[PDB]
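Chemist: One structure, as structure tokens, below. Some questions next.
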Amino acid sequence: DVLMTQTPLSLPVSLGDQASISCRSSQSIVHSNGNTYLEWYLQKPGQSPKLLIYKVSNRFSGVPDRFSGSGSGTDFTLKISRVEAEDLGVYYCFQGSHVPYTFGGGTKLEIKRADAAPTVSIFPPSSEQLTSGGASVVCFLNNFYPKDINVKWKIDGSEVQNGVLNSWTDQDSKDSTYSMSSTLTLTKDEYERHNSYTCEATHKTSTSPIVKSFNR
Amino acid sequence: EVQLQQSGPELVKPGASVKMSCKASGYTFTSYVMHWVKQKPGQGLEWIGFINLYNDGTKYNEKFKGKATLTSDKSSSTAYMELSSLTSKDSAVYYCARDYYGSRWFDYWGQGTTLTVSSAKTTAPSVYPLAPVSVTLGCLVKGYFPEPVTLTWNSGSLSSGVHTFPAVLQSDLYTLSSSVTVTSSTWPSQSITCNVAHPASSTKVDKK
DNA sequence: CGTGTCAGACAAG
RNA sequence: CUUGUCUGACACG
């Protein structure tokens, strides 16, 4: 049972630049053939993996010369030159050498971009859900970067880190930005007992937290 | 033109078995050995095993012996996989990848079947409009089992400026939201309609 | 020890 | 395309 470690866990790169993702193995992957069966696989968001390199350096049908593979024995490197935006996603190294075929941990290639500020949008509960004894306050934070943002919720002036759902989408292929969604699911009785609701976002792109609020 | 089509989604209860399909088209289904992989949502991949479609000789990952069973119907160009004694630890996405050489690594992959192991029952979603306090609207899909849901705007149009956030799980229920940013010239005059279609229970459509 | 199927590679005529 | 092979897998004897 051979394990595959990938040195770069996350790798932020700007378009044009090249990225070096290394994948050291637990044991020797050199089969008796003298051949090393080390692969590299790319899994773009919302899609199943695709083969890129298939010996240690052999490129599969579809990949340009930008992708090259090096390293033999136990240390292996994947070189992605002239990085593009359609190169988002995690990269796995796979060994088809010994008894159980095993992948690595993965590596999330992040496209390095200018700093962006979120577009915080808040929405009060729907009149339809309010009749159903429910009241969900949804907060939207879209088109920002880096992915380092913190969302807070207050109720009538008190931090409420209770019953909060946060949803993170992948990095946009075009925008190269992230978007978050927090929602505060309360009850109708619990909701109408308070007047002021807020969701805050603290980001590198703002010296002060982005505050949105309403009072019904 | 080698394509690989798997069966659709599956919610089975803890304790039972399930069989998955992998249809192959564009090549000799009996030539290339089939491979199966498992990837829990948000995690890495894991090789399961491969079956020699010419002799039906199977080779498994010893940690998968007793869980998986690779068979096929060589005439229908369909490859199967069986998972017995399902547990929450098995709820993941299972791909079927064709073998490139020596039944060692893979070249082509299927879209992936999403297996859900849970005793919870199928609950239809509840769509709620998101009116403001350019402008941004929203569509809230709350309380549903099992995944998946399809949320689209204007019957597929308005693909730009739309963010479909992945669903979150809470108390055996799902909740999915999607925001849409449009020119200010539209919402008071032009309408944005949300389209939710949960293939397991219902399909709802409501304007803003 | 051997035999068959299957593919992916090769050097040379 | 033909010849001489190399290689991994599975089945079988």
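For the structure tokens, the naming scheme is as follows: chains receive sequential letters (A, B, ...) according to their order of presentation, residues are indexed from 1 within each chain, and ligands are indexed from 1 in presentation order.
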Please return, as a list in words, all residues of chain C lying within 9 Å of chain B when only C-alpha atoms (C1' of nucleotides) are considered.
Modeler: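 Using only C-alpha atoms (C1' of nucleotides), chain C residues at most 9 Å from chain B: residues 5, 6, 7 and 8 of chain C.
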Chemist: May I have the selected residues written with N, CA, C and O atoms (P, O5', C5', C4', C3', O3' and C1' of nucleotides), as an mmCIF file, in the first residue's frame?
Modeler:
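Below is the file out.cif, written as the result:
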```
data_model
loop_
_atom_site.group_PDB
_atom_site.id
_atom_site.type_symbol
_atom_site.label_atom_id
_atom_site.label_comp_id
_atom_site.auth_asym_id
_atom_site.auth_seq_id
_atom_site.Cartn_x
_atom_site.Cartn_y
_atom_site.Cartn_z
ATOM 1 P P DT C 5 -5.484 -15.783 -29.428
ATOM 2 O "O5'" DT C 5 -6.380 -14.768 -28.574
ATOM 3 C "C5'" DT C 5 -7.798 -14.888 -28.588
ATOM 4 C "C4'" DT C 5 -8.437 -13.997 -27.536
ATOM 5 C "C3'" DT C 5 -8.090 -12.524 -27.638
ATOM 6 O "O3'" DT C 5 -8.951 -11.881 -28.565
ATOM 7 C "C1'" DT C 5 -7.889 -13.246 -25.386
ATOM 8 P P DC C 6 -8.459 -10.562 -29.340
ATOM 9 O "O5'" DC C 6 -8.125 -9.525 -28.167
ATOM 10 C "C5'" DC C 6 -9.165 -9.058 -27.314
ATOM 11 C "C4'" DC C 6 -8.649 -8.000 -26.353
ATOM 12 C "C3'" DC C 6 -7.652 -7.022 -26.941
ATOM 13 O "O3'" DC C 6 -8.330 -5.978 -27.622
ATOM 14 C "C1'" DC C 6 -6.888 -7.775 -24.829
ATOM 15 P P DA C 7 -7.739 -5.404 -29.001
ATOM 16 O "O5'" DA C 7 -6.702 -4.276 -28.538
ATOM 17 C "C5'" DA C 7 -7.180 -3.081 -27.938
ATOM 18 C "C4'" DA C 7 -6.302 -2.673 -26.769
ATOM 19 C "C3'" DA C 7 -5.052 -1.905 -27.143
ATOM 20 O "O3'" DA C 7 -5.357 -0.525 -27.254
ATOM 21 C "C1'" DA C 7 -4.556 -3.583 -25.511
ATOM 22 P P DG C 8 -4.403 0.450 -28.101
ATOM 23 O "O5'" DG C 8 -3.088 0.581 -27.200
ATOM 24 C "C5'" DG C 8 -3.182 1.092 -25.875
ATOM 25 C "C4'" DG C 8 -1.803 1.237 -25.258
ATOM 26 C "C3'" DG C 8 -0.811 2.040 -26.093
ATOM 27 O "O3'" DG C 8 0.055 2.788 -25.244
ATOM 28 C "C1'" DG C 8 0.006 -0.152 -25.809
#
```
Chemist: Name the residues of stretch 4-213 of chain A that come out as strand (DSSP E) in a backbone DSSP run; write them as an NGL selection string.
Modeler: :A and (4-6 or 10-14 or 19-25 or 38-43 or 50-53 or 67-70 or 77-80 or 89-95 or 102-103 or 108-112 or 119-123 or 134-144 or 149-155 or 164-168 or 178-187 or 196-203 or 210-213)
Chemist: Name the residues in contact with residue A:68 at a cut-off of 7 Å, using only C-alpha atoms (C1' of nucleotides), excluding same-chain residues fewer than 2 positions from it; report them as number ranges by chain.
Modeler: A: 57, 65-66, 70, 78-80
Chemist: Could you list the residues in chain A lying within 10 Å of chain D, using only C-alpha atoms (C1' of nucleotides), and format the result as a list in words?
Modeler: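 Matching residues, ligands excluded from the count: residues 33, 35 and 97 of chain A.
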Chemist: Could you pull the residues within 7 Å of residue B:136, counting only C-alpha atoms (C1' of nucleotides), minus those fewer than 4 positions along the same chain, as a list in words?
Modeler: residues 179, 180, 181 and 182 of chain B
Chemist: Can you tell me which residues surround stretch 23-26 of chain B at a distance of at most 7 Å, considering only C-alpha atoms (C1' of nucleotides), apart from same-chain residues fewer than 3 positions away, and format the answer as a PDB file with N, CA and C atoms, in the first residue's frame?
Modeler:
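File written: result_12.pdb
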```pdb
ATOM      1  N   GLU B   1     -14.388   9.944 -29.383  1.00  0.00           N
ATOM      2  CA  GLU B   1     -15.860   9.783 -29.378  1.00  0.00           C
ATOM      3  C   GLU B   1     -16.175   8.665 -28.402  1.00  0.00           C
ATOM      4  N   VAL B   2     -15.163   8.228 -27.667  1.00  0.00           N
ATOM      5  CA  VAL B   2     -15.367   7.224 -26.599  1.00  0.00           C
ATOM      6  C   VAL B   2     -16.126   7.954 -25.506  1.00  0.00           C
ATOM      7  N   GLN B   3     -17.364   7.577 -25.289  1.00  0.00           N
ATOM      8  CA  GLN B   3     -18.125   8.168 -24.183  1.00  0.00           C
ATOM      9  C   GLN B   3     -18.458   7.069 -23.168  1.00  0.00           C
ATOM     10  N   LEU B   4     -18.687   7.416 -21.898  1.00  0.00           N
ATOM     11  CA  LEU B   4     -18.990   6.486 -20.793  1.00  0.00           C
ATOM     12  C   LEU B   4     -20.150   7.142 -20.034  1.00  0.00           C
ATOM     13  N   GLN B   5     -21.349   6.554 -20.005  1.00  0.00           N
ATOM     14  CA  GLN B   5     -22.581   7.035 -19.392  1.00  0.00           C
ATOM     15  C   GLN B   5     -22.953   6.112 -18.240  1.00  0.00           C
ATOM     16  N   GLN B   6     -23.045   6.673 -17.040  1.00  0.00           N
ATOM     17  CA  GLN B   6     -23.408   5.929 -15.844  1.00  0.00           C
ATOM     18  C   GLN B   6     -24.876   6.160 -15.498  1.00  0.00           C
ATOM     19  N   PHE B  29     -16.308  -2.500 -26.509  1.00  0.00           N
ATOM     20  CA  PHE B  29     -16.491  -2.543 -25.063  1.00  0.00           C
ATOM     21  C   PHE B  29     -15.705  -3.680 -24.422  1.00  0.00           C
ATOM     22  N   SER B  77     -22.870  -3.734 -23.839  1.00  0.00           N
ATOM     23  CA  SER B  77     -21.800  -2.755 -23.654  1.00  0.00           C
ATOM     24  C   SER B  77     -21.981  -1.969 -22.359  1.00  0.00           C
ATOM     25  N   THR B  78     -22.522  -2.622 -21.334  1.00  0.00           N
ATOM     26  CA  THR B  78     -22.799  -1.992 -20.050  1.00  0.00           C
ATOM     27  C   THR B  78     -21.999  -2.691 -18.962  1.00  0.00           C
ATOM     28  N   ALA B  79     -21.284  -1.906 -18.162  1.00  0.00           N
ATOM     29  CA  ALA B  79     -20.533  -2.417 -17.025  1.00  0.00           C
ATOM     30  C   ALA B  79     -21.275  -2.090 -15.738  1.00  0.00           C
TER      31      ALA B  79
END
```
Chemist: Looking at A:172, A:115, A:156, A:75, which one is nearest to chain B, with distances taken over only C-alpha atoms?
Modeler: A:172
Chemist: Using 7 Å as the limit and counting only C-alpha atoms, can you tabulate each residue of chain A that touches chain B, with its shortest atom-to-atom distance in Å and the two atoms involved, as a Markdown table?
Modeler:
```
| residue | atom | partner | partner_atom | distance |
| --- | --- | --- | --- | --- |
| A:48 | CA | B:111 | CA | 5.9 |
| A:49 | CA | B:109 | CA | 6.7 |
| A:50 | CA | B:108 | CA | 6.8 |
| A:51 | CA | B:107 | CA | 5.6 |
| A:96 | CA | B:104 | CA | 4.5 |
| A:97 | CA | B:104 | CA | 7.0 |
| A:100 | CA | B:61 | CA | 5.8 |
| A:101 | CA | B:47 | CA | 5.8 |
| A:102 | CA | B:47 | CA | 6.3 |
| A:103 | CA | B:45 | CA | 6.3 |
| A:105 | CA | B:44 | CA | 6.1 |
| A:106 | CA | B:44 | CA | 6.6 |
| A:123 | CA | B:130 | CA | 5.9 |
| A:124 | CA | B:133 | CA | 7.0 |
| A:126 | CA | B:128 | CA | 6.1 |
| A:128 | CA | B:128 | CA | 6.8 |
| A:129 | CA | B:128 | CA | 6.8 |
| A:167 | CA | B:165 | CA | 6.0 |
| A:168 | CA | B:165 | CA | 6.4 |
| A:169 | CA | B:165 | CA | 5.5 |
| A:181 | CA | B:165 | CA | 6.9 |
| A:214 | CA | B:133 | CA | 7.0 |
```
Chemist: Residue A:9: which residues within 10 Å, counting only C-alpha atoms (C1' of nucleotides), same-chain residues fewer than 4 positions away excluded, as a list in words?
Modeler: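 Surrounding residues, per the criterion: residues 5, 21, 22, 90, 91, 105, 106, 107, 108 and 109 of chain A.
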Chemist: Store the residues picked out above in a file with N, CA, C and O atoms, as a PDB file, in the first residue's frame.
Modeler:
```
ATOM      1  N   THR A   5       2.117  11.722  -1.554  1.00  0.00           N
ATOM      2  CA  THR A   5       2.035  13.053  -0.973  1.00  0.00           C
ATOM      3  C   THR A   5       2.307  14.105  -2.039  1.00  0.00           C
ATOM      4  O   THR A   5       3.213  13.949  -2.864  1.00  0.00           O
ATOM      5  N   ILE A  21       3.896  21.602  -9.263  1.00  0.00           N
ATOM      6  CA  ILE A  21       3.228  20.749  -8.286  1.00  0.00           C
ATOM      7  C   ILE A  21       4.016  19.451  -8.189  1.00  0.00           C
ATOM      8  O   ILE A  21       4.108  18.696  -9.166  1.00  0.00           O
ATOM      9  N   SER A  22       4.587  19.195  -7.019  1.00  0.00           N
ATOM     10  CA  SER A  22       5.405  18.016  -6.783  1.00  0.00           C
ATOM     11  C   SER A  22       4.598  16.948  -6.061  1.00  0.00           C
ATOM     12  O   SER A  22       3.679  17.249  -5.296  1.00  0.00           O
ATOM     13  N   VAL A  90      -8.212  20.861  -8.975  1.00  0.00           N
ATOM     14  CA  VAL A  90      -7.193  20.127  -8.237  1.00  0.00           C
ATOM     15  C   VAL A  90      -6.522  19.131  -9.167  1.00  0.00           C
ATOM     16  O   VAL A  90      -7.129  18.611 -10.111  1.00  0.00           O
ATOM     17  N   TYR A  91      -5.249  18.859  -8.892  1.00  0.00           N
ATOM     18  CA  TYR A  91      -4.446  17.935  -9.678  1.00  0.00           C
ATOM     19  C   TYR A  91      -4.019  16.777  -8.792  1.00  0.00           C
ATOM     20  O   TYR A  91      -3.433  16.988  -7.725  1.00  0.00           O
ATOM     21  N   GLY A 105      -2.966  13.401  -2.410  1.00  0.00           N
ATOM     22  CA  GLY A 105      -3.935  14.214  -1.700  1.00  0.00           C
ATOM     23  C   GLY A 105      -4.656  15.231  -2.556  1.00  0.00           C
ATOM     24  O   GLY A 105      -5.753  15.665  -2.193  1.00  0.00           O
ATOM     25  N   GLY A 106      -4.071  15.622  -3.680  1.00  0.00           N
ATOM     26  CA  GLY A 106      -4.613  16.680  -4.503  1.00  0.00           C
ATOM     27  C   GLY A 106      -3.870  17.992  -4.309  1.00  0.00           C
ATOM     28  O   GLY A 106      -3.071  18.171  -3.386  1.00  0.00           O
ATOM     29  N   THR A 107      -4.144  18.925  -5.218  1.00  0.00           N
ATOM     30  CA  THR A 107      -3.538  20.251  -5.162  1.00  0.00           C
ATOM     31  C   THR A 107      -4.472  21.240  -5.844  1.00  0.00           C
ATOM     32  O   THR A 107      -4.733  21.120  -7.043  1.00  0.00           O
ATOM     33  N   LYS A 108      -4.970  22.209  -5.081  1.00  0.00           N
ATOM     34  CA  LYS A 108      -5.931  23.187  -5.587  1.00  0.00           C
ATOM     35  C   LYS A 108      -5.163  24.341  -6.221  1.00  0.00           C
ATOM     36  O   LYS A 108      -4.590  25.182  -5.523  1.00  0.00           O
ATOM     37  N   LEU A 109      -5.146  24.382  -7.553  1.00  0.00           N
ATOM     38  CA  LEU A 109      -4.535  25.490  -8.275  1.00  0.00           C
ATOM     39  C   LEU A 109      -5.480  26.683  -8.252  1.00  0.00           C
ATOM     40  O   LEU A 109      -6.614  26.596  -8.735  1.00  0.00           O
TER      41      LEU A 109
END
```
Chemist: Would you return as a PDB file with N, CA and C atoms, in the first residue's frame the members of chain B that DSSP assigns to helix (DSSP H, G or I) on this structure's backbone?
Modeler:
```pdb
ATOM      1  N   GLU B  62      -8.155  -4.572  -1.731  1.00  0.00           N
ATOM      2  CA  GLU B  62      -8.481  -5.453  -0.613  1.00  0.00           C
ATOM      3  C   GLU B  62      -9.390  -4.779   0.408  1.00  0.00           C
ATOM      4  N   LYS B  63      -9.329  -3.450   0.516  1.00  0.00           N
ATOM      5  CA  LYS B  63     -10.253  -2.748   1.397  1.00  0.00           C
ATOM      6  C   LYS B  63     -11.662  -2.676   0.824  1.00  0.00           C
ATOM      7  N   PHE B  64     -11.848  -3.044  -0.442  1.00  0.00           N
ATOM      8  CA  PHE B  64     -13.160  -3.038  -1.072  1.00  0.00           C
ATOM      9  C   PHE B  64     -13.728  -4.435  -1.274  1.00  0.00           C
ATOM     10  N   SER B  88     -23.107   5.073   5.741  1.00  0.00           N
ATOM     11  CA  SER B  88     -22.873   6.481   5.442  1.00  0.00           C
ATOM     12  C   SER B  88     -21.457   6.699   4.926  1.00  0.00           C
ATOM     13  N   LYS B  89     -20.510   5.855   5.343  1.00  0.00           N
ATOM     14  CA  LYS B  89     -19.141   5.956   4.856  1.00  0.00           C
ATOM     15  C   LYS B  89     -19.020   5.671   3.367  1.00  0.00           C
ATOM     16  N   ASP B  90     -20.045   5.089   2.747  1.00  0.00           N
ATOM     17  CA  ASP B  90     -20.027   4.800   1.321  1.00  0.00           C
ATOM     18  C   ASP B  90     -20.744   5.838   0.469  1.00  0.00           C
ATOM     19  N   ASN B 154     -34.868  31.799 -16.163  1.00  0.00           N
ATOM     20  CA  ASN B 154     -35.415  32.053 -17.494  1.00  0.00           C
ATOM     21  C   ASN B 154     -35.206  30.851 -18.415  1.00  0.00           C
ATOM     22  N   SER B 155     -35.562  29.671 -17.907  1.00  0.00           N
ATOM     23  CA  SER B 155     -35.505  28.433 -18.684  1.00  0.00           C
ATOM     24  C   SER B 155     -34.109  28.168 -19.240  1.00  0.00           C
ATOM     25  N   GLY B 156     -33.076  28.602 -18.524  1.00  0.00           N
ATOM     26  CA  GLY B 156     -31.701  28.427 -18.940  1.00  0.00           C
ATOM     27  C   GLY B 156     -30.985  29.713 -19.301  1.00  0.00           C
TER      28      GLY B 156
END
```
